[PDB]
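J.: My file is query.pdb. It has PDB, N, CA and C atoms:
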ATOM      1  N   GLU A 149      -9.728 128.500 130.317
ATOM      2  CA  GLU A 149     -10.486 129.446 131.138
ATOM      3  C   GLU A 149      -9.593 130.177 132.131
ATOM      4  N   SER A 150      -9.881 131.459 132.321
ATOM      5  CA  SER A 150      -8.954 132.361 132.987
ATOM      6  C   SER A 150      -9.299 132.645 134.443
ATOM      7  N   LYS A 151      -8.251 132.861 135.235
ATOM      8  CA  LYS A 151      -8.359 133.411 136.585
ATOM      9  C   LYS A 151      -8.987 132.488 137.633
ATOM     10  N   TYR A 152      -9.469 131.323 137.205
ATOM     11  CA  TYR A 152     -10.118 130.387 138.121
ATOM     12  C   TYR A 152      -9.426 129.026 138.203
ATOM     13  N   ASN A 153      -9.465 128.441 139.392
ATOM     14  CA  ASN A 153      -9.051 127.067 139.619
ATOM     15  C   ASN A 153      -9.968 126.495 140.689
ATOM     16  N   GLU A 154     -10.388 125.243 140.525
ATOM     17  CA  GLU A 154     -11.321 124.629 141.473
ATOM     18  C   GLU A 154     -10.735 124.634 142.886
ATOM     19  N   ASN A 155     -11.444 125.269 143.815
ATOM     20  CA  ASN A 155     -10.950 125.461 145.181
ATOM     21  C   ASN A 155      -9.646 126.282 145.233
ATOM     22  N   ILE A 156      -9.038 126.390 146.414
ATOM     23  CA  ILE A 156      -7.768 127.102 146.563
ATOM     24  C   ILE A 156      -6.671 126.123 147.022
ATOM     25  N   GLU A 157      -6.657 124.948 146.399
ATOM     26  CA  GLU A 157      -5.765 123.850 146.771
ATOM     27  C   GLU A 157      -4.295 124.244 146.855
ATOM     28  N   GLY A 158      -3.887 125.146 145.972
ATOM     29  CA  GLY A 158      -2.485 125.299 145.653
ATOM     30  C   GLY A 158      -2.343 124.500 144.377
ATOM     31  N   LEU A 159      -3.496 124.104 143.841
ATOM     32  CA  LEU A 159      -3.575 123.441 142.548
ATOM     33  C   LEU A 159      -3.177 124.424 141.449
ATOM     34  N   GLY A 160      -2.652 123.907 140.344
ATOM     35  CA  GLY A 160      -2.225 124.771 139.259
ATOM     36  C   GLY A 160      -2.794 124.427 137.896
ATOM     37  N   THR A 161      -3.216 123.171 137.733
ATOM     38  CA  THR A 161      -3.500 122.576 136.424
ATOM     39  C   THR A 161      -2.233 122.615 135.569
ATOM     40  N   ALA A 162      -1.970 123.795 135.011
ATOM     41  CA  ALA A 162      -0.731 124.129 134.306
ATOM     42  C   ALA A 162      -0.576 123.518 132.915
ATOM     43  N   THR A 163       0.036 124.296 132.028
ATOM     44  CA  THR A 163       0.305 123.894 130.657
ATOM     45  C   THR A 163       1.756 124.224 130.386
ATOM     46  N   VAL A 164       2.542 123.241 129.963
ATOM     47  CA  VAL A 164       3.946 123.530 129.719
ATOM     48  C   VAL A 164       4.203 124.067 128.311
ATOM     49  N   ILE A 165       4.818 125.242 128.288
ATOM     50  CA  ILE A 165       5.133 125.939 127.057
ATOM     51  C   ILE A 165       6.372 125.298 126.444
ATOM     52  N   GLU A 166       6.424 125.285 125.120
ATOM     53  CA  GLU A 166       7.478 124.598 124.397
ATOM     54  C   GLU A 166       8.785 125.372 124.471
ATOM     55  N   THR A 167       9.860 124.644 124.768
ATOM     56  CA  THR A 167      11.238 125.121 124.637
ATOM     57  C   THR A 167      11.405 125.785 123.270
ATOM     58  N   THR A 168      12.382 126.686 123.142
ATOM     59  CA  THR A 168      12.504 127.574 121.975
ATOM     60  C   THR A 168      11.141 128.063 121.469
ATOM     61  N   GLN A 169      10.957 128.140 120.157
ATOM     62  CA  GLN A 169       9.703 128.668 119.635
ATOM     63  C   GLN A 169       9.397 128.200 118.225
ATOM     64  N   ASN A 170       8.279 128.692 117.698
ATOM     65  CA  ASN A 170       7.849 128.463 116.319
ATOM     66  C   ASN A 170       7.960 127.034 115.794
ATOM     67  N   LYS A 171       6.804 126.392 115.706
ATOM     68  CA  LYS A 171       6.665 125.071 115.109
ATOM     69  C   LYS A 171       7.404 124.992 113.781
ATOM     70  N   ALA A 172       7.102 125.970 112.935
ATOM     71  CA  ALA A 172       7.635 126.031 111.586
ATOM     72  C   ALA A 172       9.143 126.239 111.581
ATOM     73  N   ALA A 173       9.662 126.812 112.662
ATOM     74  CA  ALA A 173      11.102 126.987 112.810
ATOM     75  C   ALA A 173      11.765 125.679 113.231
ATOM     76  N   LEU A 174      11.007 124.820 113.907
ATOM     77  CA  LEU A 174      11.512 123.512 114.316
ATOM     78  C   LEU A 174      11.588 122.550 113.133
ATOM     79  N   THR A 175      10.427 122.269 112.539
ATOM     80  CA  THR A 175      10.238 121.371 111.378
ATOM     81  C   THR A 175      11.418 120.515 110.883
ATOM     82  N   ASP A 176      12.277 120.090 111.801
ATOM     83  CA  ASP A 176      13.403 119.233 111.467
ATOM     84  C   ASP A 176      12.899 117.801 111.394
ATOM     85  N   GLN A 177      11.780 117.568 112.079
ATOM     86  CA  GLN A 177      11.214 116.241 112.332
ATOM     87  C   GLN A 177      12.078 115.434 113.313
ATOM     88  N   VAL A 178      13.260 115.962 113.621
ATOM     89  CA  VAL A 178      14.097 115.479 114.717
ATOM     90  C   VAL A 178      14.326 116.682 115.635
ATOM     91  N   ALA A 179      14.713 116.435 116.886
ATOM     92  CA  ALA A 179      14.768 117.469 117.927
ATOM     93  C   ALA A 179      13.378 117.937 118.354
ATOM     94  N   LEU A 180      12.420 117.925 117.429
ATOM     95  CA  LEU A 180      11.021 118.087 117.801
ATOM     96  C   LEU A 180      10.709 116.971 118.784
ATOM     97  N   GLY A 181      11.129 115.761 118.428
ATOM     98  CA  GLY A 181      11.026 114.617 119.313
ATOM     99  C   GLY A 181      11.751 114.848 120.624
ATOM    100  N   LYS A 182      12.903 115.509 120.557
ATOM    101  CA  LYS A 182      13.635 115.887 121.761
ATOM    102  C   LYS A 182      12.803 116.842 122.615
ATOM    103  N   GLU A 183      12.095 117.754 121.953
ATOM    104  CA  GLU A 183      11.222 118.687 122.654
ATOM    105  C   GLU A 183      10.059 117.957 123.311
ATOM    106  N   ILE A 184       9.549 116.917 122.655
ATOM    107  CA  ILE A 184       8.418 116.172 123.201
ATOM    108  C   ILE A 184       8.863 115.314 124.375
ATOM    109  N   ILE A 185      10.094 114.820 124.308
ATOM    110  CA  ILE A 185      10.660 114.064 125.416
ATOM    111  C   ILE A 185      10.831 114.980 126.618
ATOM    112  N   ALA A 186      11.537 116.090 126.408
ATOM    113  CA  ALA A 186      11.722 117.101 127.446
ATOM    114  C   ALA A 186      10.383 117.504 128.065
ATOM    115  N   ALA A 187       9.410 117.772 127.201
ATOM    116  CA  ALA A 187       8.077 118.162 127.640
ATOM    117  C   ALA A 187       7.415 117.067 128.459
ATOM    118  N   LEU A 188       7.656 115.811 128.098
ATOM    119  CA  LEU A 188       7.083 114.705 128.851
ATOM    120  C   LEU A 188       7.711 114.576 130.236
ATOM    121  N   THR A 189       9.015 114.838 130.332
ATOM    122  CA  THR A 189       9.657 114.889 131.643
ATOM    123  C   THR A 189       8.993 115.969 132.478
ATOM    124  N   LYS A 190       8.949 117.185 131.934
ATOM    125  CA  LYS A 190       8.434 118.331 132.684
ATOM    126  C   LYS A 190       6.967 118.206 133.086
ATOM    127  N   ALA A 191       6.173 117.587 132.222
ATOM    128  CA  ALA A 191       4.756 117.384 132.486
ATOM    129  C   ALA A 191       4.583 116.290 133.529
ATOM    130  N   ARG A 192       5.462 115.294 133.487
ATOM    131  CA  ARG A 192       5.482 114.282 134.531
ATOM    132  C   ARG A 192       5.775 114.935 135.872
ATOM    133  N   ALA A 193       6.688 115.901 135.873
ATOM    134  CA  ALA A 193       7.025 116.632 137.094
ATOM    135  C   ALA A 193       5.868 117.489 137.601
ATOM    136  N   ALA A 194       5.258 118.251 136.700
ATOM    137  CA  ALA A 194       4.174 119.154 137.072
ATOM    138  C   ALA A 194       3.011 118.359 137.635
ATOM    139  N   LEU A 195       2.669 117.287 136.938
ATOM    140  CA  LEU A 195       1.601 116.401 137.372
ATOM    141  C   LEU A 195       1.946 115.713 138.701
ATOM    142  N   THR A 196       3.197 115.287 138.866
ATOM    143  CA  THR A 196       3.638 114.670 140.124
ATOM    144  C   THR A 196       3.541 115.621 141.311
ATOM    145  N   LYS A 197       3.964 116.863 141.111
ATOM    146  CA  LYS A 197       4.017 117.835 142.196
ATOM    147  C   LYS A 197       2.657 118.077 142.865
ATOM    148  N   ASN A 198       1.569 117.899 142.124
ATOM    149  CA  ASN A 198       0.241 118.090 142.702
ATOM    150  C   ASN A 198      -0.382 116.821 143.285
TER     151      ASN A 198
ATOM    152  N   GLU B 149      23.762 130.971 158.573
ATOM    153  CA  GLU B 149      24.384 131.389 159.830
ATOM    154  C   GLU B 149      25.665 132.206 159.654
ATOM    155  N   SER B 150      25.959 133.038 160.649
ATOM    156  CA  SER B 150      27.192 133.817 160.699
ATOM    157  C   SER B 150      28.015 133.277 161.861
ATOM    158  N   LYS B 151      29.228 132.790 161.586
ATOM    159  CA  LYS B 151      29.968 131.917 162.517
ATOM    160  C   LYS B 151      29.027 130.834 163.081
ATOM    161  N   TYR B 152      29.143 130.513 164.367
ATOM    162  CA  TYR B 152      28.193 129.625 165.043
ATOM    163  C   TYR B 152      28.049 128.244 164.394
ATOM    164  N   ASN B 153      29.186 127.680 163.999
ATOM    165  CA  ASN B 153      29.298 126.268 163.646
ATOM    166  C   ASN B 153      29.981 125.590 164.829
ATOM    167  N   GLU B 154      29.208 124.837 165.610
ATOM    168  CA  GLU B 154      29.603 124.375 166.948
ATOM    169  C   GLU B 154      31.026 123.825 167.057
ATOM    170  N   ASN B 155      31.580 123.875 168.267
ATOM    171  CA  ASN B 155      32.979 123.531 168.497
ATOM    172  C   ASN B 155      33.881 124.393 167.617
ATOM    173  N   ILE B 156      34.550 123.738 166.676
ATOM    174  CA  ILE B 156      35.229 124.387 165.558
ATOM    175  C   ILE B 156      35.686 123.305 164.571
ATOM    176  N   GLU B 157      36.707 122.542 164.964
ATOM    177  CA  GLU B 157      37.338 121.484 164.162
ATOM    178  C   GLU B 157      37.233 121.606 162.640
ATOM    179  N   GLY B 158      37.033 120.477 161.970
ATOM    180  CA  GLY B 158      36.951 120.472 160.523
ATOM    181  C   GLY B 158      35.528 120.703 160.050
ATOM    182  N   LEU B 159      34.827 121.644 160.682
ATOM    183  CA  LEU B 159      33.399 121.793 160.397
ATOM    184  C   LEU B 159      32.857 123.188 160.021
ATOM    185  N   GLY B 160      32.532 123.318 158.739
ATOM    186  CA  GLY B 160      31.601 124.321 158.261
ATOM    187  C   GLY B 160      30.772 123.585 157.231
ATOM    188  N   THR B 161      29.542 124.026 156.982
ATOM    189  CA  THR B 161      28.711 123.379 155.964
ATOM    190  C   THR B 161      28.799 124.074 154.610
ATOM    191  N   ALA B 162      28.829 123.282 153.546
ATOM    192  CA  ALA B 162      29.022 123.833 152.211
ATOM    193  C   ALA B 162      27.725 123.968 151.421
ATOM    194  N   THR B 163      27.434 125.185 150.986
ATOM    195  CA  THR B 163      26.361 125.404 150.033
ATOM    196  C   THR B 163      27.006 125.483 148.659
ATOM    197  N   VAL B 164      26.857 124.423 147.872
ATOM    198  CA  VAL B 164      27.482 124.352 146.557
ATOM    199  C   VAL B 164      26.770 125.266 145.562
ATOM    200  N   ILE B 165      27.380 126.409 145.274
ATOM    201  CA  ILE B 165      26.806 127.342 144.318
ATOM    202  C   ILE B 165      26.772 126.666 142.956
ATOM    203  N   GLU B 166      25.787 127.006 142.137
ATOM    204  CA  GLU B 166      25.714 126.413 140.814
ATOM    205  C   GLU B 166      26.418 127.290 139.809
ATOM    206  N   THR B 167      27.332 126.689 139.052
ATOM    207  CA  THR B 167      27.995 127.384 137.959
ATOM    208  C   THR B 167      26.977 127.875 136.917
ATOM    209  N   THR B 168      27.487 128.450 135.835
ATOM    210  CA  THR B 168      26.676 129.174 134.846
ATOM    211  C   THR B 168      25.867 130.326 135.465
ATOM    212  N   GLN B 169      25.195 131.098 134.617
ATOM    213  CA  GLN B 169      24.432 132.261 135.057
ATOM    214  C   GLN B 169      23.304 131.882 136.016
ATOM    215  N   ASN B 170      22.543 132.885 136.444
ATOM    216  CA  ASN B 170      21.409 132.665 137.334
ATOM    217  C   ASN B 170      20.382 131.720 136.719
ATOM    218  N   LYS B 171      19.456 131.237 137.537
ATOM    219  CA  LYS B 171      18.532 130.188 137.105
ATOM    220  C   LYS B 171      17.680 130.582 135.890
ATOM    221  N   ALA B 172      17.271 131.846 135.835
ATOM    222  CA  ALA B 172      16.396 132.309 134.769
ATOM    223  C   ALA B 172      17.138 132.268 133.443
ATOM    224  N   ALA B 173      18.464 132.351 133.518
ATOM    225  CA  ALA B 173      19.301 132.439 132.326
ATOM    226  C   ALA B 173      19.679 131.097 131.690
ATOM    227  N   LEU B 174      19.675 130.019 132.471
ATOM    228  CA  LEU B 174      20.089 128.715 131.938
ATOM    229  C   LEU B 174      18.974 127.993 131.157
ATOM    230  N   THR B 175      17.743 128.125 131.651
ATOM    231  CA  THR B 175      16.504 127.702 130.969
ATOM    232  C   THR B 175      16.516 126.426 130.104
ATOM    233  N   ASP B 176      17.125 125.353 130.598
ATOM    234  CA  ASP B 176      17.148 124.106 129.834
ATOM    235  C   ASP B 176      16.905 122.861 130.686
ATOM    236  N   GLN B 177      16.566 121.755 130.030
ATOM    237  CA  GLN B 177      16.405 120.477 130.719
ATOM    238  C   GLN B 177      17.732 119.736 130.783
ATOM    239  N   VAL B 178      18.390 119.650 129.635
ATOM    240  CA  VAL B 178      19.679 118.983 129.538
ATOM    241  C   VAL B 178      20.752 119.722 130.344
ATOM    242  N   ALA B 179      20.794 121.045 130.206
ATOM    243  CA  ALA B 179      21.756 121.865 130.942
ATOM    244  C   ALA B 179      21.557 121.755 132.451
ATOM    245  N   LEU B 180      20.315 121.921 132.897
ATOM    246  CA  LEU B 180      20.010 121.840 134.321
ATOM    247  C   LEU B 180      20.322 120.454 134.865
ATOM    248  N   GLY B 181      19.975 119.420 134.104
ATOM    249  CA  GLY B 181      20.286 118.056 134.490
ATOM    250  C   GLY B 181      21.776 117.840 134.673
ATOM    251  N   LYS B 182      22.547 118.283 133.682
ATOM    252  CA  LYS B 182      24.002 118.215 133.738
ATOM    253  C   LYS B 182      24.521 118.878 135.010
ATOM    254  N   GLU B 183      24.041 120.093 135.253
ATOM    255  CA  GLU B 183      24.493 120.868 136.397
ATOM    256  C   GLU B 183      24.150 120.202 137.717
ATOM    257  N   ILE B 184      22.973 119.590 137.791
ATOM    258  CA  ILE B 184      22.575 118.868 138.997
ATOM    259  C   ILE B 184      23.455 117.633 139.207
ATOM    260  N   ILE B 185      23.837 116.966 138.122
ATOM    261  CA  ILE B 185      24.766 115.843 138.243
ATOM    262  C   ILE B 185      26.126 116.288 138.792
ATOM    263  N   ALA B 186      26.752 117.244 138.109
ATOM    264  CA  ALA B 186      28.068 117.735 138.515
ATOM    265  C   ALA B 186      28.035 118.234 139.957
ATOM    266  N   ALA B 187      26.958 118.933 140.299
ATOM    267  CA  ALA B 187      26.774 119.444 141.649
ATOM    268  C   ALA B 187      26.612 118.309 142.653
ATOM    269  N   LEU B 188      26.000 117.211 142.219
ATOM    270  CA  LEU B 188      25.826 116.054 143.092
ATOM    271  C   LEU B 188      27.155 115.374 143.382
ATOM    272  N   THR B 189      28.001 115.245 142.364
ATOM    273  CA  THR B 189      29.339 114.692 142.574
ATOM    274  C   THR B 189      30.177 115.602 143.480
ATOM    275  N   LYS B 190      30.133 116.907 143.212
ATOM    276  CA  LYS B 190      30.805 117.888 144.066
ATOM    277  C   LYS B 190      30.347 117.772 145.513
ATOM    278  N   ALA B 191      29.045 117.572 145.686
ATOM    279  CA  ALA B 191      28.437 117.426 147.001
ATOM    280  C   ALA B 191      28.956 116.181 147.707
ATOM    281  N   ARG B 192      29.017 115.073 146.972
ATOM    282  CA  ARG B 192      29.557 113.828 147.508
ATOM    283  C   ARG B 192      30.983 114.038 147.976
ATOM    284  N   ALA B 193      31.747 114.785 147.185
ATOM    285  CA  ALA B 193      33.120 115.114 147.546
ATOM    286  C   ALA B 193      33.171 115.897 148.855
ATOM    287  N   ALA B 194      32.399 116.978 148.919
ATOM    288  CA  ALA B 194      32.366 117.841 150.098
ATOM    289  C   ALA B 194      31.934 117.102 151.364
ATOM    290  N   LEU B 195      31.028 116.140 151.226
ATOM    291  CA  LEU B 195      30.582 115.370 152.385
ATOM    292  C   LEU B 195      31.598 114.311 152.792
ATOM    293  N   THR B 196      32.290 113.740 151.804
ATOM    294  CA  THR B 196      33.326 112.733 152.058
ATOM    295  C   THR B 196      34.476 113.316 152.870
ATOM    296  N   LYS B 197      34.941 114.505 152.492
ATOM    297  CA  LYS B 197      35.915 115.210 153.327
ATOM    298  C   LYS B 197      35.269 115.732 154.615
ATOM    299  N   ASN B 198      36.073 115.827 155.670
ATOM    300  CA  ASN B 198      35.550 115.929 157.034
ATOM    301  C   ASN B 198      34.578 114.811 157.378
TER     302      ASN B 198
END
Output the structure of this file as structure tokens.
T.:
Amino acid sequence: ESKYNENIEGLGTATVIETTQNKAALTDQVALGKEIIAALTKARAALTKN
Amino acid sequence: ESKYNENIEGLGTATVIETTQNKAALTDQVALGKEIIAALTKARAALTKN
């Protein structure tokens, strides 16, 4: 849902976009895991910051 | 600050610039992590002297 966030907390919710691009371009079945690890770090950070 | 580092002696404060291009250009987890490590060691060095 667009343009809205509950209250004006400085809250973000936020969704982390994947490093590089194209699922089908990744399909190594390895490094995809590296992307998920990286993403888990970053999501841990985003979630922590709020 | 411009001048105005009290007394004089062996004292100015160091802002450790980060190598590689500007922040928007490096865009990585591993790269940024590496840079923060190297910068941390450099920082330890700069604080150890004086």
J.: If we count only C-alpha atoms, what is near region 164-168 of chain A at a cut-off of 9 Å, once residues fewer than 3 positions away on the same chain are taken out, given as a list in words?
T.: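 Close residues of region 164-168 of chain A: residues 174, 183, 184, 186, 187, 190, 191 and 194 of chain A; 175 and 176 of chain B.
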J.: Box for region 159-171 of chain A - axis-aligned, 6 Å on each of the six sides, all listed atoms - centre and size in Å to one decimal, as lines of an AutoDock Vina configuration file.
T.:
center_x = 4.5
center_y = 125.6
center_z = 128.8
size_x = 28.1
size_y = 18.1
size_z = 42.1
J.: Both chains have the same sequence, so match all Cα atoms in order, fit chain B onto chain A by least squares, and return it as a short mmCIF file (atom, residue, chain, number, x, y, z; two decimals) with N, CA and C atoms, keeping the file's coordinate frame.
T.:
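Written out: part_10.cif:
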data_model
loop_
_atom_site.label_atom_id
_atom_site.label_comp_id
_atom_site.auth_asym_id
_atom_site.auth_seq_id
_atom_site.Cartn_x
_atom_site.Cartn_y
_atom_site.Cartn_z
N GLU B 149 -8.85 129.21 130.87
CA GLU B 149 -9.62 129.89 131.92
C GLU B 149 -8.90 131.06 132.58
N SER B 150 -9.68 132.00 133.10
CA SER B 150 -9.16 133.13 133.86
C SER B 150 -9.64 132.96 135.30
N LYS B 151 -8.70 132.87 136.25
CA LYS B 151 -8.99 132.34 137.60
C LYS B 151 -9.83 131.05 137.49
N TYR B 152 -10.81 130.87 138.37
CA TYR B 152 -11.78 129.77 138.25
C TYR B 152 -11.14 128.38 138.21
N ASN B 153 -10.14 128.18 139.06
CA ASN B 153 -9.61 126.86 139.38
C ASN B 153 -10.16 126.51 140.76
N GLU B 154 -11.14 125.60 140.80
CA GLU B 154 -12.00 125.38 141.97
C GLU B 154 -11.27 125.32 143.31
N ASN B 155 -12.00 125.62 144.39
CA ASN B 155 -11.41 125.75 145.71
C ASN B 155 -10.30 126.80 145.69
N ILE B 156 -9.08 126.33 145.91
CA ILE B 156 -7.86 127.09 145.64
C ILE B 156 -6.65 126.14 145.80
N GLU B 157 -6.35 125.77 147.04
CA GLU B 157 -5.22 124.92 147.43
C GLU B 157 -4.01 124.90 146.49
N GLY B 158 -3.42 123.73 146.31
CA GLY B 158 -2.24 123.60 145.47
C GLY B 158 -2.63 123.34 144.02
N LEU B 159 -3.64 124.05 143.53
CA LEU B 159 -4.18 123.72 142.21
C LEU B 159 -4.32 124.84 141.16
N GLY B 160 -3.43 124.77 140.17
CA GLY B 160 -3.64 125.40 138.88
C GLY B 160 -3.12 124.37 137.89
N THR B 161 -3.62 124.38 136.66
CA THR B 161 -3.12 123.44 135.65
C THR B 161 -2.02 124.03 134.78
N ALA B 162 -1.02 123.23 134.47
CA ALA B 162 0.14 123.72 133.74
C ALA B 162 0.10 123.38 132.25
N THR B 163 0.16 124.42 131.42
CA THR B 163 0.37 124.22 130.00
C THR B 163 1.86 124.41 129.74
N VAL B 164 2.57 123.31 129.52
CA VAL B 164 4.01 123.35 129.32
C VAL B 164 4.36 123.93 127.95
N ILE B 165 4.79 125.18 127.93
CA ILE B 165 5.17 125.82 126.68
C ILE B 165 6.38 125.08 126.13
N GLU B 166 6.51 125.04 124.81
CA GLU B 166 7.65 124.37 124.22
C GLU B 166 8.76 125.36 123.97
N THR B 167 9.95 125.03 124.46
CA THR B 167 11.14 125.83 124.18
C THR B 167 11.42 125.90 122.67
N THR B 168 12.53 126.54 122.32
CA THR B 168 12.84 126.90 120.93
C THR B 168 11.75 127.77 120.28
N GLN B 169 12.02 128.23 119.06
CA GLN B 169 11.11 129.12 118.34
C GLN B 169 9.75 128.46 118.09
N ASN B 170 8.87 129.20 117.42
CA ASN B 170 7.54 128.69 117.07
C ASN B 170 7.63 127.43 116.22
N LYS B 171 6.51 126.73 116.07
CA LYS B 171 6.51 125.41 115.43
C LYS B 171 7.03 125.44 113.99
N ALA B 172 6.71 126.50 113.26
CA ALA B 172 7.09 126.59 111.85
C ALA B 172 8.60 126.70 111.73
N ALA B 173 9.23 127.21 112.79
CA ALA B 173 10.66 127.48 112.78
C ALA B 173 11.56 126.29 113.14
N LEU B 174 11.03 125.32 113.89
CA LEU B 174 11.85 124.18 114.32
C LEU B 174 12.01 123.09 113.24
N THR B 175 10.92 122.86 112.49
CA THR B 175 10.89 122.02 111.28
C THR B 175 11.78 120.76 111.21
N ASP B 176 11.81 119.97 112.28
CA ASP B 176 12.62 118.75 112.26
C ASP B 176 11.92 117.55 112.90
N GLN B 177 12.43 116.35 112.62
CA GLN B 177 11.92 115.14 113.25
C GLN B 177 12.66 114.86 114.55
N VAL B 178 13.98 114.92 114.47
CA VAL B 178 14.82 114.69 115.64
C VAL B 178 14.62 115.78 116.69
N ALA B 179 14.60 117.04 116.25
CA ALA B 179 14.40 118.17 117.16
C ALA B 179 13.04 118.10 117.85
N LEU B 180 11.98 117.89 117.06
CA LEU B 180 10.64 117.81 117.61
C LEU B 180 10.51 116.63 118.57
N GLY B 181 11.09 115.49 118.20
CA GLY B 181 11.09 114.33 119.06
C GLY B 181 11.76 114.61 120.40
N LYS B 182 12.94 115.21 120.34
CA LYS B 182 13.67 115.61 121.53
C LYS B 182 12.80 116.48 122.42
N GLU B 183 12.20 117.50 121.81
CA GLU B 183 11.38 118.45 122.55
C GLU B 183 10.17 117.79 123.19
N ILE B 184 9.56 116.85 122.49
CA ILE B 184 8.42 116.12 123.04
C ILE B 184 8.86 115.24 124.22
N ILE B 185 10.05 114.66 124.14
CA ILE B 185 10.58 113.90 125.27
C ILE B 185 10.78 114.79 126.51
N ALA B 186 11.57 115.85 126.34
CA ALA B 186 11.87 116.76 127.45
C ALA B 186 10.58 117.31 128.05
N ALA B 187 9.64 117.66 127.17
CA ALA B 187 8.35 118.17 127.60
C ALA B 187 7.55 117.11 128.36
N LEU B 188 7.73 115.85 127.97
CA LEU B 188 7.04 114.75 128.66
C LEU B 188 7.58 114.55 130.06
N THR B 189 8.90 114.63 130.22
CA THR B 189 9.50 114.55 131.55
C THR B 189 9.07 115.73 132.42
N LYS B 190 9.12 116.94 131.85
CA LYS B 190 8.64 118.14 132.54
C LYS B 190 7.19 117.97 133.00
N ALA B 191 6.38 117.38 132.13
CA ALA B 191 4.97 117.14 132.40
C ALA B 191 4.81 116.17 133.57
N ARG B 192 5.59 115.09 133.55
CA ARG B 192 5.57 114.12 134.64
C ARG B 192 5.91 114.80 135.95
N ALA B 193 6.89 115.70 135.90
CA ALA B 193 7.27 116.47 137.08
C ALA B 193 6.11 117.32 137.59
N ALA B 194 5.51 118.10 136.69
CA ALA B 194 4.40 118.98 137.04
C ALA B 194 3.20 118.23 137.60
N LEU B 195 2.95 117.02 137.10
CA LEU B 195 1.83 116.22 137.61
C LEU B 195 2.16 115.57 138.95
N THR B 196 3.42 115.19 139.13
CA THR B 196 3.88 114.58 140.39
C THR B 196 3.73 115.55 141.55
N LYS B 197 4.15 116.80 141.36
CA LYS B 197 3.88 117.83 142.36
C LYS B 197 2.40 118.20 142.39
N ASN B 198 1.93 118.62 143.56
CA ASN B 198 0.49 118.63 143.85
C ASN B 198 -0.18 117.29 143.61
#
J.: Taking the file as shown, what set of residues would the ChimeraX specification (/A@CA @<12) & /B@CA give back, as a list in words?
T.: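 For this structure, the ChimeraX specification (/A@CA @<12) & /B@CA resolves to residues 175, 176, 177, 178, 179, 180 and 181 of chain B.
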J.: Which of chain A end up as helix (DSSP H, G or I) when DSSP is run on this backbone - answer as a count of residues only?
T.: 22
J.: Which value, in Å to one decimal, gives the distance between atom C of residue 150 (chain B) and atom N of residue 195 (chain B)?
T.: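 Computing it gives 20.4 Å between the two atoms.
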J.: State, in Å with one decimal place, the distance from atom C of residue 198 (chain A) to atom N of residue 162 (chain A).
T.: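 That distance, rounded to one decimal, is 10.9 Å.
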J.: Between atom C of residue 170 (chain B) and atom N of residue 151 (chain B), what is the distance, to one decimal in Å?
T.: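 A separation of 26.4 Å between them.
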J.: Starting from the PyMOL selection byres (((chain B and resi 158 and name CA) around 9) and name CA), expand the selection into actual residues of this file and give them as a list in words.
T.: residues 156, 157, 159, 160, 197 and 198 of chain B
J.: Could you please fill out region 188-197 of chain A with N, CA, C and O atoms and send it back as a PDB file, keeping the file's coordinate frame?
T.:
ATOM      1  N   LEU A 188       7.656 115.811 128.098  1.00  0.00           N
ATOM      2  CA  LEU A 188       7.083 114.705 128.851  1.00  0.00           C
ATOM      3  C   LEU A 188       7.711 114.576 130.236  1.00  0.00           C
ATOM      4  O   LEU A 188       7.015 114.263 131.208  1.00  0.00           O
ATOM      5  N   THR A 189       9.015 114.838 130.332  1.00  0.00           N
ATOM      6  CA  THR A 189       9.657 114.889 131.643  1.00  0.00           C
ATOM      7  C   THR A 189       8.993 115.969 132.478  1.00  0.00           C
ATOM      8  O   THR A 189       8.528 115.709 133.590  1.00  0.00           O
ATOM      9  N   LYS A 190       8.949 117.185 131.934  1.00  0.00           N
ATOM     10  CA  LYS A 190       8.434 118.331 132.684  1.00  0.00           C
ATOM     11  C   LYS A 190       6.967 118.206 133.086  1.00  0.00           C
ATOM     12  O   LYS A 190       6.566 118.668 134.155  1.00  0.00           O
ATOM     13  N   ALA A 191       6.173 117.587 132.222  1.00  0.00           N
ATOM     14  CA  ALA A 191       4.756 117.384 132.486  1.00  0.00           C
ATOM     15  C   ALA A 191       4.583 116.290 133.529  1.00  0.00           C
ATOM     16  O   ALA A 191       3.671 116.346 134.354  1.00  0.00           O
ATOM     17  N   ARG A 192       5.462 115.294 133.487  1.00  0.00           N
ATOM     18  CA  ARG A 192       5.482 114.282 134.531  1.00  0.00           C
ATOM     19  C   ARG A 192       5.775 114.935 135.872  1.00  0.00           C
ATOM     20  O   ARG A 192       5.178 114.578 136.880  1.00  0.00           O
ATOM     21  N   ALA A 193       6.688 115.901 135.873  1.00  0.00           N
ATOM     22  CA  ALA A 193       7.025 116.632 137.094  1.00  0.00           C
ATOM     23  C   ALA A 193       5.868 117.489 137.601  1.00  0.00           C
ATOM     24  O   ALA A 193       5.552 117.472 138.788  1.00  0.00           O
ATOM     25  N   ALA A 194       5.258 118.251 136.700  1.00  0.00           N
ATOM     26  CA  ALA A 194       4.174 119.154 137.072  1.00  0.00           C
ATOM     27  C   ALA A 194       3.011 118.359 137.635  1.00  0.00           C
ATOM     28  O   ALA A 194       2.450 118.690 138.673  1.00  0.00           O
ATOM     29  N   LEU A 195       2.669 117.287 136.938  1.00  0.00           N
ATOM     30  CA  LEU A 195       1.601 116.401 137.372  1.00  0.00           C
ATOM     31  C   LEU A 195       1.946 115.713 138.701  1.00  0.00           C
ATOM     32  O   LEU A 195       1.092 115.582 139.567  1.00  0.00           O
ATOM     33  N   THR A 196       3.197 115.287 138.866  1.00  0.00           N
ATOM     34  CA  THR A 196       3.638 114.670 140.124  1.00  0.00           C
ATOM     35  C   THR A 196       3.541 115.621 141.311  1.00  0.00           C
ATOM     36  O   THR A 196       3.090 115.234 142.388  1.00  0.00           O
ATOM     37  N   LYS A 197       3.964 116.863 141.111  1.00  0.00           N
ATOM     38  CA  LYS A 197       4.017 117.835 142.196  1.00  0.00           C
ATOM     39  C   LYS A 197       2.657 118.077 142.865  1.00  0.00           C
ATOM     40  O   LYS A 197       2.592 118.393 144.050  1.00  0.00           O
TER      41      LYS A 197
END
